[PDB]
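Following: one structure in structure tokens, then a few remarks.
Letters A, B, C, D, E and F name the chains as they come in the text, with residue numbers starting at 1 for each one.
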Amino acid sequence: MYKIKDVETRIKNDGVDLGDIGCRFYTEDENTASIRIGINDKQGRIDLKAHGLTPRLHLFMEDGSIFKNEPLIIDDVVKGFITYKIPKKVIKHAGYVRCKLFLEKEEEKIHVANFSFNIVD
Amino acid sequence: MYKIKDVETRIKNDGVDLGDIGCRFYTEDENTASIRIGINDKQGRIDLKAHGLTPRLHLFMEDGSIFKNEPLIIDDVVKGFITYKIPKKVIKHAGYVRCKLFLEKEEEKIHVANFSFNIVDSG
Amino acid sequence: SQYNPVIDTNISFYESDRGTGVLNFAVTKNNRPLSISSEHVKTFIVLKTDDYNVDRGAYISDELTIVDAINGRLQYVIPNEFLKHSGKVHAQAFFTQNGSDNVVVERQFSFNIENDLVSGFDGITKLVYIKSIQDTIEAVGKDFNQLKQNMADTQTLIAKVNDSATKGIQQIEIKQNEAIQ
Amino acid sequence: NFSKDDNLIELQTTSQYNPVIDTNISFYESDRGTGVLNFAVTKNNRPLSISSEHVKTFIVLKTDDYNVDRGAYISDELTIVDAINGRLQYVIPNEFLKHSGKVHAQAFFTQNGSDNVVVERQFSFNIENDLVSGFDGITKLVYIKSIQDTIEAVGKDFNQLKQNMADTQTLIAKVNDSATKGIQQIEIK
Amino acid sequence: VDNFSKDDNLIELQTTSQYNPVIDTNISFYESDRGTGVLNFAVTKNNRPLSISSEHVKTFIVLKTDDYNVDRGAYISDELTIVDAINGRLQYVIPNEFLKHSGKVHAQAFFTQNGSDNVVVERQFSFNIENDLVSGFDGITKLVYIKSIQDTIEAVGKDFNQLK
Amino acid sequence: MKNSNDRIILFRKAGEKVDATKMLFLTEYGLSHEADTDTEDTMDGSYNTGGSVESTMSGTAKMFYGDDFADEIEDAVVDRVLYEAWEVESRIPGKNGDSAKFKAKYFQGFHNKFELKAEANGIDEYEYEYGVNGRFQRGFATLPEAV
């Protein structure tokens, strides 16, 4: 089975900080848990692979451990949506955890979201 | 993609000052953010090539940097716009940023506007 | 007798493209360069050489190249095989915003392209707005109907060549019907 | 016959602010090829003659919930019948029915040679939902059947020209066979 | 002018000094005709028609959209194309342009003395022009279809020249 | 369920084919059909005579500056010219090809009376009574100027 959370990530020039998402996974949710996100800049979604775009997820724990350039899957057939499956590693760390959804074209970086979510046993 | 802000000011005897236009860029937006300025005057818009002049923005970064004679690439026949593609070295800082724009040809220097914005440091 | 179509959208052609036929167009919406993308808008260009009869037709049709969207410039590199035709190449550009408005701005112009590269980037350039579904057929409808009428002329020539012998069939059947009498 | 050919709407080709009108025409969802719109055109007060030779007529059609993510819209030709009386009919397509609700329509003519066109009413129209459903054609469809049929007919005309140019070589054999059969029929009787 | 336009309007432009405030004419064009918009003006002095010829007064009509601005709007002064110089019948064919600028449009007439600076002007009017499903409904499919027909012509032309 | 103001009421002279108009600022409008049936007695029973029916309609309205129609009415009652009127109910269109025209009753007769009235510091009101002169026909009719 799966426990997926759909989210919308918007490139709004007036700052972008998506606060506490209602989503709250739990420690033992090793691989079932998963985040799903859709990018929408100005006119709706954006097809990443269309013009040489590469996403990146850099998430900071509430305590200690800090990971960079996490893996993900791109259902490019549909649109530039991202599906991040936590590989039995992040969830093990309880407490809230914030994220930073970077998006880099060749020589052009962007930061477009800062979302978090709580975790407990 | 690219973050852009389409702003327009006007020269005034009273002097102008814009209160921190709501564009909180991020330090990591290395080569995507930018600004699009359009100058206005008594008739509605200005044309630089008509009476050849050059604009220049000088901005005071957060307590440890000041830039002048920035690129400020001119625009086309649109007659008044400027797409100041913000470079990397600039946004490397963060905090309360404030810039001021001037127009000069020779011996006629006029400060058009003094606006500001902010940059968020997202490690 | 002035005009001011309320779309405030135009597609200008840089006169500073006299070298290597690098067609560098610019967009202006509300006296403002429009930031474009691959998905948020669409583009198209067609080029036909001077009035070749049928034999040497530099009839090309291709999309654009986004050189700088945030600034509003669109580049199109001229194929080397195309610029060999030193005849005046008429050109029709088409830009479309897809901003919930049925604006399809068309730019008709020409120049005096030389076998080496674009030369004499002159000609009275005009612009139109396809704001109704009948001139989408009429935009390229000129050469379309031209080729249609050429095909019809070949068809009627073939029909005359066939009637030349259908008349013989008629003569045969009538002479036989008369002989049987 | 069994079909909904009973309705009829008049299109006043006059410049006097002919407003939108609820024609009160409610077809259903599970209706295929039997939803027909009988148009009758009138110039000033009496019927306007028409023909597929001089002019070519089309109609535009658009649902009310038309969005970029979900909607419906088309533009396709007509089927002139009893032209002198200014009458014609439009067979509702099959893909459009799947989208239910209110609908706006329009009928515009184009005079050949000049491409100067005419627009009549921008009238309204209804379409209802039935119990034979479950499949959702949420995907908005927008196809200009006019130019589509134009290109298809141009291709078919090219192919027919090719076949005729091929047959041009068989005409002599046809002549010879016809003459031989005539001579045979003579020699018989 | 042909027997295909609307031409179902008779405007009574009377050269009366008494008063002629405005005509809120009941007339439309639907923004998509763009090939045949005809206005059939009449002309009268008090209650009878005028007799105006070419050698006599020349004609002019000014059209001006509602929201006219150097940056947005429309404004033009053109001729009338006299029909009958006896009963004062003036058929004016609206241009292909204004019918693209949806909304309202005010108008006025104008008569110039042939051979002198004297002129005359008639009553205003306002022939609204509405929107239409023809002049909207999309901002991609038109480009897609023009591109498709361009590809089809460019392709079939090769086989056509070959077989010709 | 019909708000009275939905009832629209038009008049015009028979001679003036082109002419068309409508009554404005109605306050109270009332139609009437009056059957004259007086049975005369009989020894073996009784018979109910079928008499003529003098139908008529009375309406009151206001009188303003941008209209003279009411003056045409107070003219007709005197000159005793013929008129014909249309009691059309809006929001009730045709059934097949008559949608633009809404249901109505048509009848031709004279205006049998005009009576206006004034009141210090108030708008003057004119009332009219119109005799229908025979059977009233039914069908649908089209409005002018979409109102």
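Before moving on, here are some points about what is shown:
Note that a contact is a pair of C-beta atoms (placed from the backbone, for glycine too) under 8 Å apart; a residue touches a chain by one contact, two chains touch by 3 or more.
Of all chains in the assembly, those touching subunit B and also subunit C are A. Chains touching both subunit B and subunit E: C. Looking at which of A-C and C-D shares more C-beta pairs in contact, the answer is the pair C-D. Separation between the centroids of subunit D and subunit F, computed from CA atoms only, is 46 Å. One simple way to say how far apart two chains are is to compare their mean CA positions; for subunit A and subunit D this gives 51 Å. With centres set at the average Cα position, the gap from subunit A to subunit B is 33 Å. The distance from the centre of subunit A to the centre of subunit F, with each centre set as the mean of the Cα atoms, comes to 75 Å. Annotation for subunit B: residues 1, 4 touch two or more other chains. Counting partners per residue, subunit D has 17, 60, 68, 75, 108, 115, 117, 144, 147, 150, 154, 158, 161, 165 as the residues that reach two or more other chains. Counting partner chains per residue, subunit F shows two or more touched chains at residues 145-146.
Per the contact rule defined earlier, chains pair up in contact as A-B, A-C, B-C, C-D, C-E, D-E, D-F. The touching residues of subunit C, when paired with subunit E in their complex, are 1-6, 8, 31, 42, 44, 46, 54-55, 57, 59-61, 94, 96-104, 129-134, 136-137, 139-140, 143-144, 147, 150-151, 154.
The part of subunit B that touches subunit A in the complex is made up of residues 1, 3-5, 22-33, 120, 122-123. On subunit F, the positions that touch subunit D within their shared complex are 93, 96-97, 99-100, 145-146. Those residues of subunit E that touch subunit D in the complex are listed here as 2, 4-9, 26-37, 127-128, 130, 132-134, 137-138, 141-142, 145, 148-149, 152, 156, 159-160, 163.
Across the complex, subunit E is touched by residues 13-18, 43-44, 55, 60-62, 66, 73, 75, 104-106, 108, 111, 114-120, 122, 142-144, 147-148, 150-151, 154-155, 158, 161-162, 165 of subunit D.
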